[PDB]
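In listed order, ligands and their atoms are each counted from 1. Positions are given from 1 along the sequence. When reading the values below, keep in mind they use all heavy atoms of this one structure, side chains included, and skip hydrogens, waters and symmetry mates.
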Amino acid sequence: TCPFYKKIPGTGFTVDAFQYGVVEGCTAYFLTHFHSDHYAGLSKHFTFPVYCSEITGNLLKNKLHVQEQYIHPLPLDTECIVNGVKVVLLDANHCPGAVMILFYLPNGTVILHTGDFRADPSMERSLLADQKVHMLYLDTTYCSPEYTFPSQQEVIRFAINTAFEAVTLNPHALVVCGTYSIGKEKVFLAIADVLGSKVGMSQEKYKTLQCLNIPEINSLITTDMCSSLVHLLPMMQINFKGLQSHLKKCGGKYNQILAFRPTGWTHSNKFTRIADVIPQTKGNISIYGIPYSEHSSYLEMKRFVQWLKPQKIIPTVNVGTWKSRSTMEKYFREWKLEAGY
Ligand code: NI
């Protein structure tokens with residue numbers, strides 16, 4: 001049944017709760033972002049109000065065929081009224097269109113639901129600074145101290161330098177980037193920019209990117225694979241068999257692949273720096289795993305929560321095992337004792 005951490009007390013609301021059928025008492029279904037574990041269950045047959053960002057609303061209409069009369073897009077950073085309750089959507093620094101939701105309950109309680117987010121100090125100057133939050137529904141994906149990773153800026157610098165060097169040494173190399181959902185567009189767009197190429201992709205992915213309000217996107221992406229030297233493929237296909245196969249398909253226009261797999265975390269991060277990453281190579285194919293994360297590191301998450309000082313924390317990730325839950329609750333107590341709230 002619908003878990004408690006998907007329900008907003010004192011309202012008829014749920015968050016990211018589309019795979020349970022009709023949730024009893026739910027008058028408004030919010031969707032934080034367009035990732036399949038969160039939207040799972042939506043289709044053209046859904047007839048309840050869905051509240052989301054403009055970008056998420058474009059993807060619901062164009063990719064899932066949800067009928068327009070049930071899509072309620074809200075602007076960001078704007079106080080809005082939903083079934084009598086004041087709400088605000090905030091940028092979550094996750095994938096395009098991803099939001100955090102602030103609920104102002106009639107009784108005076110203020111609730112923040114982070115959806116999926118990558119905490120950042122810029123958040124400390126949004127509408128969040130203006131009032132107290134009593135309950136925080138927190139994206140705890142990486143809530144353990146082993147999870148460190150570099151800034152997004154450092155990772156894109158490594159990728160741009162690597163690609164530029166490879167293609168300048170060999171003008172017949174192809175760059176390939178893996179994807180399985182929206183998010184991490186900076187990876188392939190930054191590489192294409194430094195090489196003076198558009199990114200080539202399938203018609204289905206091109207359609208997806210045209211939903212995102214990314215400025216000048218017509219200038220950066222294309223469905224013509226041949227004219228392009230940065231290709232996007234399903235993440236599944238980013239391996240030696242998949243890549244040897246793809247290389248056949250270009251008809252000897254290319255003699256070398258350099259491929260990027262933007263993973264979240266992998267255990268080379270506890271040891272290795274970004275400057276010290278190496279690929280896996282077979283023949284004329286090299287694969288680089290780069291730690292480009294759209295979720296908070298442990299230290300980013302800890303800073304955000306010690307700034308906000310919530311009265312109660314409700315984890316939304318890693319909640320399925322007793323040892324995970326108990327470990328997270330021990331970190332929350334450390335944070336509160338160190339900070340004095
Ligand atoms: Ni997500």
Side-chain angles (χ1 to χ4, degrees), residues 2-3 5-8 14-20 29-42 50-60 62-64 66 73-74 76 89-102 112-120 122-123 136-144 147 149 151-152 155-156 177-189 205 208-209 211-214 232 234-236 261-266 289-298 300-301 304-305 313-320 324 328:
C2 184
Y5 63 86
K6 292 189 185 281
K7 296 171 165 196
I8 303 308
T14 57
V15 179
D16 296 350
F18 296 92
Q19 68 167 278
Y20 307 94
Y29 294 78
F30 287 74
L31 181 58
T32 63
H33 65 292
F34 196 79
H35 279 165
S36 60
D37 280 354
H38 300 259
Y39 62 74
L42 276 163
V50 180
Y51 284 90
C52 61
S53 70
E54 171 171 8
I55 284 162
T56 298
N58 297 339
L59 290 155
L60 286 180
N62 292 285
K63 301 291 293 187
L64 298 187
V66 173
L74 316 167
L76 299 200
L89 301 192
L90 302 164
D91 204 284
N93 191 34
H94 180 58
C95 63
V99 299
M100 316 191 287
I101 312 158
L102 257 181
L112 181 59
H113 194 303
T114 67
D116 281 347
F117 85 142
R118 183 162 185 181
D120 190 72
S122 68
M123 292 169 180
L136 174 65
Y137 289 62
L138 179 61
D139 172 15
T140 45
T141 296
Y142 298 128
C143 189
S144 196
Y147 296 111
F149 29 62
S151 73
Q152 287 179 168
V155 171
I156 290 300
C177 291
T179 186
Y180 41 32
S181 55
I182 63 169
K184 311 190 187 184
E185 287 83 6
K186 194 72 172 171
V187 182
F188 51 90
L189 303 172
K205 186 69 185 177
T208 299
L209 300 189
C211 295
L212 305 185
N213 299 352
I214 288 179
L232 306 194
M235 198 73 86
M236 280 203 67
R261 291 190 350 96
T263 62
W265 169 83
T266 62
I290 56 173
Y292 192 94
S293 184
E294 289 189 340
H295 298 267
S296 311
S297 74
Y298 172 85
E300 290 168 347
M301 186 190 307
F304 177 80
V305 174
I313 303 172
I314 303 180
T316 64
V317 188
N318 305 307
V319 296
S324 307
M328 293 185 296

Review point. Closest to the Ni ion (ligand 1), which N/O/S atom of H35 is it?
Key: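 Relative to the Ni ion (ligand 1), the closest nitrogen, oxygen or sulfur of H35 carries the name ND1.
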Check your understanding: Nearest to the Ni ion (ligand 1), which N, O or S atom of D116 do we find?
Key ->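 When I compare the N, O and S atoms of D116, OD2 is nearest to the Ni ion (ligand 1).
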If you take all heavy atoms of [X] and [Y], which pair is closest and at what distance?
X: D16; Y: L31; result: OD1-CA, 3.3 Å
X: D139; Y: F117; result: OD2-N, 3.0 Å
X: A92; Y: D116; result: CB-O, 3.4 Å
X: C52; Y: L60; result: SG-CD1, 4.2 Å

Practice item. To 10°, measure the NE2(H94)-the Ni ion (ligand 1)-NE2(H33) angle for me. Key: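 Between NE2 of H94 and NE2 of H33, at the Ni ion (ligand 1), the angle is about 90°.
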